[PDB]
Structures are given as structure tokens and as C-alpha cells.
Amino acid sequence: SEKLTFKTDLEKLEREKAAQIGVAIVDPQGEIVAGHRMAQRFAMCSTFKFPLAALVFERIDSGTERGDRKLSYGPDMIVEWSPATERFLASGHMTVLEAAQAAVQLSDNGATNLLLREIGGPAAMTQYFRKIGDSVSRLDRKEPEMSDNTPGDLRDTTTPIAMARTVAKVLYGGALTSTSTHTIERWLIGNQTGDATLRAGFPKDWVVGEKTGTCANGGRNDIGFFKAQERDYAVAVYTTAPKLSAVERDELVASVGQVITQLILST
């Protein structure tokens, strides 16, 4: 059984790395292909920035937001890991689209918070999840405190299956116009932060786009999509590995990518 091999290999990683590994893979309609701990809650950390960008694109599509609107800010908006926000600080603003692209592709925290300020805060992010059919994912705080990942805390969490289904809804389920869907996919493909994680474990000919996260207390996550030839999939990987170094957590997620690949290729 290829799915048994998948389960067994993930459990071997868990045991040897002292880790918990949550995975869900779904088809474009949100039907389950495979998973592991798929309805266990994990901290979203930076992975929520992909759904945030989807919210922004939905508002742009609808006309309730403009992509080129200038969002002004001062140094108060600079928090840890805000590379683009820092570069644009002297100019005094970033546009909605510049901020969204920095949030997705650099995981820029300042840019994320700038968009959160604009779209109605964590409550509004959570409302968007509910609107697209996700009753599980919740944002409670801005960055970086939302990534605290205190054991047991249900704030700022999702499950692998809820998030994989949200990804499928955004990319394949008509949440966005064709133009906006294409743009967000290109942003995910061009992500600058995921070279050593999930996509490092996929075949080089698969089209892959993803959004990473790193949380306190050993969280390392990666969510997105892959196209294996003509077949499209949405995937969410959430891991917790307190005893590993940062490099080893990257490698753990890449290893999960290889386990996913073995399943897809062999089935």
C-alpha cells in the first residue's frame, strides 16, 4: 500500500526527529488524497499571509480595495523581519499590491501588519476564512506575536486539512478572478523563502508554489500547490520539532516533500 508507506515514513521521521508532522493533500475540489494528523491544530505562523493576500485580491476583484492605493506608515510599523517595509520606509508608503507581494514572497511582517491595519484586523481575516467555507482557521493577533506558538494555544491556528482546502478554494474553487488567481500563483512560485523546504523535496519538473512559516517552539510550515504533470494538488504541511536546529527543520520539511512525492509518483 502506497498510503501505508506514506504513513510509515512520516511516522519514522516523527520518531527519529522527535517531531509532529501534519500533512494534508487535496485535489482541486478539496477531496482528500492523503494526510497525517490532518485535523490536529497547529500554529499557522506566516502561512496565513497567503490567505491574507487572497483576501486582498478578493477585495481588489470586487472593487472594495484598489491595488495601487498607497498605504502610508512610519517606523512604528517596522517589526522583526520587515525587509521590504524597511526599504520603503523613507518613501513613506507601500501600495496595497507591493505590501501583499512582500508579505507573500519575503514573509515581510511589517507589510503583513500594514495590510491587517487596512482590511479590518485579525477579526476580518477570520471572517474571510469563514466566508470561503473554512470554519477552523483563525487569526487572533498581528505579527510577530501571532507566531508565539505556546503549546496548547488555539489562537492563530489551523489544521492541515482546513488549510489545504482553503488553498484549493482560493486557487481552484473560483474564489478569485482568473487574473488574480494567476497572479497569486505566480507570486507563490516566485516565493523567495522556500528554497530549502517543501519544494526542495519535489521533482524539478513539478510546478510548485508555496508559503513558508517559522514559529517559536520549533514550528516549521509550508503550504501551497503543486502540479504533477497535468494534475493539480493543494497541500499543507505543519511541523513541530523543538529539538532540531533551524537547518534541520528545513530538512525535515524537505523530507516530507520527498514522502509526498513518493506517494504521488507511485499511485
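Take the two forms, find the largest set of C-alpha atoms that superpose within 1.5 Å, and that set is the rigid core. Sequential numbering from 1, following the sequence displayed.
- Between 227-235 and 66-74, the larger mean CA deviation from the shown form in 4 other deposited structures of this protein, after core superposition, belongs to 227-235.
- The mean C-alpha temperature factor is higher for 142-150 when 142-150 and 179-187 are set side by side.
- A summary of the deposited B-factors shows that, of 228-236 and 50-58, the stretch with the larger mean C-alpha value is 228-236.
- The PDB entry gives the largest Cα B-factor of the residues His93, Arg87, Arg165, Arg117 to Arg117.
- Annotation for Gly173, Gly194, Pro160, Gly74: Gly173 ranks highest, by Cα B-factor.
- The entry lists a Cα temperature factor for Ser1 that places it in the highest third of the chain's modelled residues.
- Sort the modelled residues of the chain by CA B factor and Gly209 lands in the lowest third.
- Split the chain's modelled residues into thirds by C-alpha temperature factor. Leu97 is in the middle one.
- For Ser107, the recorded CA B-factor ranks within the lowest third of the chain. Only modelled residues enter the ranking.
- In the PDB entry, a CA B factor belonging to the middle third of its chain's modelled residues is recorded for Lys70.
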